[PDB]
Every structure is written in structure tokens, then in C-alpha cells.
Number of protein chains: 2
Amino acid sequence: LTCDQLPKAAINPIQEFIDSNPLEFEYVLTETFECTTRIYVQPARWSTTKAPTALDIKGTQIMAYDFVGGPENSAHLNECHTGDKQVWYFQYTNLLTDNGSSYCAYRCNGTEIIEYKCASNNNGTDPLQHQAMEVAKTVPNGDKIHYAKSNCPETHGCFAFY
Amino acid sequence: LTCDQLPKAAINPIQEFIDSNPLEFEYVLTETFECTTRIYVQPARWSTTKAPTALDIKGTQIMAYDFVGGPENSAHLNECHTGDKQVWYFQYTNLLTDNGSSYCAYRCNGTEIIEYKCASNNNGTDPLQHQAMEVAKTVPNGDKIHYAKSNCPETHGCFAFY
Ligand SMILES: *[C@@H]1O[C@H](CO[C@@H]2O[C@@H](C)[C@@H](O)[C@@H](O)[C@@H]2O)[C@@H](O)[C@H](O)[C@H]1NC(C)=O
Ligand SMILES: *[C@@H]1O[C@H](CO[C@@H]2O[C@@H](C)[C@@H](O)[C@@H](O)[C@@H]2O)[C@@H](O)[C@H](O)[C@H]1NC(C)=O
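Residues numbered from 1 in each chain as written, not as in the entry; some residues may be left out. Chains lettered and ligands numbered in written order. Heavy atoms only, no water.

What follows deals with the overall build of chain A. Summing up its helical and strand segments, chain A has 2 helices and 9 strands in all. Traced from its N-terminal end to its C-terminal end, chain A shows the element sequence α-β-β-β-β-β-β-β-β-α-β. Against the globule reference of 15 Å for 162 residues, chain A gives a C-alpha radius of gyration of 15 Å, in line with a compact fold. Expressed along its principal axes, the backbone C-alpha trace of chain A runs to roughly 45 × 40 × 35 Å. Looking at chain A as a whole, 51% of its 162 residues are labelled buried. For chain A, the share of sequence-separated contacts (at least 6 apart) that also reach a separation of at least 24 residues comes to 51%. Per element, the accessible surface of chain A, about 7,000 Å² overall, is 51% carbon and sulfur. The distance from the centre of the 11 positive side-chain charges to the centre of the 19 negative ones in chain A is 6 Å. (Helix = DSSP H or I, 4+ residues; strand = E, 2+ residues; numbered from the N terminus. Rg over C-alpha atoms; globule rule 2.2 N^0.38 Å. Buried < 20%, exposed > 50% of the residue type's maximum accessible area, 1.4 Å probe, protein only. Contact = heavy atoms within 4.5 Å. Areas by Shrake-Rupley, 256 points an atom, 1.4 Å probe, with all protein chains shown as cover. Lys, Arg positive; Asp, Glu negative; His and termini not counted. Charge placed at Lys NZ, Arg CZ, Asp CG, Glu CD.)

Okay, here's the thing in C-alpha cells:
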């Protein structure tokens, strides 16, 4: 299996992602998105693109990306500080169940995987999530995929932020 | 007029604030919340307090505060990185109108004002907002209140983030 052959699942309407806030990453590829909370935001009233925004929050640092849909169930992200463009797909989504929400998303460079983000608001208890992670690890460079919460900073009274 | 005598307006249900996302500050007291976007987040499914969270995002930096209601229409904030406690009130709110949402909130130390946050998603065009700002400037230390967006960094393709 190569990264280009992973499923490209249907993307839920944006409101279903917003209604899942806040999410934390369970499995990630690089160190970048360890100990990170994901927040979805609807478009600003003054936005001329009317693109929603994804926020990746790691302690007191934040990456933001406006995003729009592209071909074949892609998400086209524009990182708000750098202008860097990224193309993402979803392996699966399972939002707004009786046990909460989960999904796994990935970023390829051709046949190899270069980033991976499995998110949930149920501490990774959706059986689909571990299953998806086990599939993604089989594509080239998927060996890097690992648990995102092994060594996070101590909290100071909150639950999705530190 | 002193800070303790400012109105303590009724606080809208949390969903009305979330539905107003994203907001930007129009008038602020210190430099801290210049060029800042405010995002409201519902409580995490795993939160034992079930407190919602306010995010103050300034470029790639973020302050987060879980908050709960207190006496006399107060909001009791817990800054998520430091554990520092803050007590806020609203001068007024005007959410989810045909021209969007605005509010002005303030933090006193007795008779003086120590922080001020007027937010909107309509670029400060609610007449109530300039009116409220003019009242707040009349309390001790209110002279510091000023426009929050005079010199913000250039964007890189987004609208509420940079
Ligand atoms: C969240 O789950 C944690 C255990 O997760 C499991 O073990 C870690 C090391 C990973 O391999 C992960 O994929 C496994 O599912 C608990 O330590 C923690 O207490 C849980 N949090 C709760 C219940 O709030
Ligand atoms: C947003 O409004 C800006 C003008 O705002 C006015 O002037 C500044 C200096 C402050 O005094 C403020 O309180 C006033 O309301 C415009 O420069 C800007 O283009 C507007 N943005 C829009 C239309 O998207």
C-alpha cells in the first residue's frame, strides 16, 4: 500500500467539525502535532474567501490554516502566518456519535506519507481510529506514526489547553 | 463614574458566543490584546468542570482561559498556562444581529479599570460599541483605552489570523 492509495473519505459539513470542538490528536507523524488541540472555526463575516479555519494549538503556540475543498475529497490548507499550502485527505471520519467524534487525516508526498493527524474528543476510544492508524503505518514512511500524548506538560486548571 | 459602577450586563448563553466566532478586538486597554482574535470553545467532553474556554489569539501566540459564571453576571477566568484567575464583566452584549455581534467587557481593580476588551465581527460598526467605549474611558485609568488595530501585521491569505 502507498499513500496515494489510502482512502479519500467524504468530508463532513463544516458544522459537524465545529460541533466536535475541542479535539486532541492521538496519533501523529512528526513531533510538530504532539500534545496538540484542534479547533475548527467558521469563516469570518469579513472573509472574502469564506473559508473556515483549522487551529492547531500546542500550549501557548498556535498554527492556523484557512481551508477550502478541492478535488477528490481534498482539503486545501493555507497556513495563515507563512502562506504555505498543504493538501490533506481523510482516511475516515466518525463525527457526533454517542461516544463522541474521531477522524484520521493524512498528507502525502506522492507514494510516501509526510504528516498524519488522528484526532478525537473521546481519548482515542473509537475502534476505527486504532484500525486506521494500523493501515497508515503500512505506507512508505508510515513507520514514523506514533502516540501524540506520551509526555505532555502538566495542566494548570484547564483540560484542552496548557 | 468608577469601574465598580459600570453596568454588569446579562451574559448570553455560551452557544451565542460560539456562533459569533471569530471576533476581533476593536478597543483595548493595555497593548496585550491589540491585533487579537477571540474564539469561544465549548467544554471538552473529558472536562470535569465542563467550563467553556475563551481563546485570545495574537498571531502565532495564544492565551486560553477556561471560564465559569460567578455572582452578579461575572465571568471567572482561569488562564490555562499560568493558572492566574481573573474576574470580568460585560458592559453590554449585542450578539447575533443582522449586522453581526459585538460586546464590551472589562476587568476592574476596585474603582479603576485594568483591562478592557471590546470585540466584534462587524469591524466596530455597532453604535453601542463606540458608545460603551466612551463611557469606559471616564472611569479611573480608562484614559488608556485605545484602538486595537492601528498597526497589525500583514496577512498571508487568511482573514482572522496572521
Ligand atoms: C486516555 O488514554 C490513556 C491510555 O491510552 C492508551 O495507552 C497509551 C500509552 C496509548 O498507547 C494509547 O493509544 C492507548 O489507548 C490513559 O493513560 C489516560 O488515563 C486516558 N485518559 C482519560 C481516561 O481521561
Ligand atoms: C474597518 O474600519 C476601519 C476604520 O475604522 C475607523 O477608523 C479607525 C482608525 C478607528 O478609529 C475605528 O474605531 C474607526 O471605526 C477601516 O480602516 C477598515 O478598512 C475597515 N475594515 C473593513 C471595511 O473591512
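Structure's up, so let's keep going.
Such a bond, covalent and formed between the sulfur atoms of two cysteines, is termed a disulfide. Residue and element names in this part refer to chain A. Evaluation of the coordinates by the stated rule reveals 8 disulfides over all chains. With a sulfur-sulfur separation of 2.1 Å, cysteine 104 is cross-linked through a disulfide to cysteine 118. The chirality of the disulfide connecting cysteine 104 with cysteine 118 is right-handed, given an S-S dihedral of about 110°. Taken together, the residues span a long stretch of sequence, with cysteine 104 in strand β7 (residues 100–109) and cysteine 118 in strand β8 (residues 112–120) at a distance of 14 residues. Exposure remark for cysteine 104: the relative accessible area of 0% places this residue in the buried category. (Disulfide = S-S within 2.5 Å.)

To continue, consider unusual backbone geometry. In the segment running from A:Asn21 into A:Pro22, the intervening peptide bond is cis, with an omega of -10°. Here A:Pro22 is to be found in the loop between α1 (14–18) and β1 (23–28). Positive phi is not limited to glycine here, since B:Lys50 has a value of about 55°. Structurally, B:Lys50 can be placed in the loop between β2 (37–41) and β3 (53–58). Taking the relative accessible area as the measure of exposure, B:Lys50 reaches 45% and is therefore partly exposed. One non-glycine residue, B:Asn73, lies in the positive phi region at around 60°.

Let us look at the site of ligand 2. Residue and element names in this part refer to chain B. Ligand 2 sits among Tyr27, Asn123 and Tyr147. A distance of 2.4 Å separates an oxygen atom of ligand 2 from a polar atom in the side chain of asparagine 123. Protein chains shield 31% of the accessible area of ligand 2, which is 540 Å² for the free molecule. (Near = heavy atom within 4 Å. Polar contact = N/O pair within 3.5 Å; in protein donor to acceptor, adjacent residues only side chain to side chain.)

Residues and elements named next belong to chain A. Inspection of the entire model under this criterion finds 12 salt bridges over all chains. Note that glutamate 26 is salt-bridged to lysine 149, the shortest N-O span being 2.7 Å. Taken together, the positions of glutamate 26 in strand β1 and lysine 149 in the segment after β9 (146–147) put the pair 123 residues apart, joining distant regions of the chain. Taken as a pair, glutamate 26 and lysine 149 share a single burial class, namely buried. Look at the salt bridges and you will find they share partners, linking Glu24, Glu26 and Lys149 into a network. (Salt bridge = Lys/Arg side-chain N within 4 Å of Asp/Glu carboxyl O.)

Of the residues lining the interface, 43 residues belong to chain B; the matching set on chain A comes to 43 residues. Carbon and sulfur atoms supply 62% of the area buried between chain B and chain A, which totals about 3,400 Å² over both sides. On the chain B side of the contact with chain A, B:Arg45, B:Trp46 and B:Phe159 bury the most area, a combined 22% of that side's loss. Our enumeration of links across chain B and chain A arrives at 0 salt bridges. Taken together, the connections running from chain B to chain A amount to 17 residue pairs in polar contact. Element by element, the count of residues in the side of chain B that touches chain A is highest for strand β4 (residues 61–70) of chain B, at 4 residues. Grouping the amino acids of the side of chain B that touches chain A by side-chain chemistry returns 17 nonpolar, 20 polar and 6 charged. (Buried area = accessible area lost by both parts, 1.4 Å probe. Nonpolar A, V, L, I, M, F, W, Y, C, P; charged D, E, K, R; others polar.)

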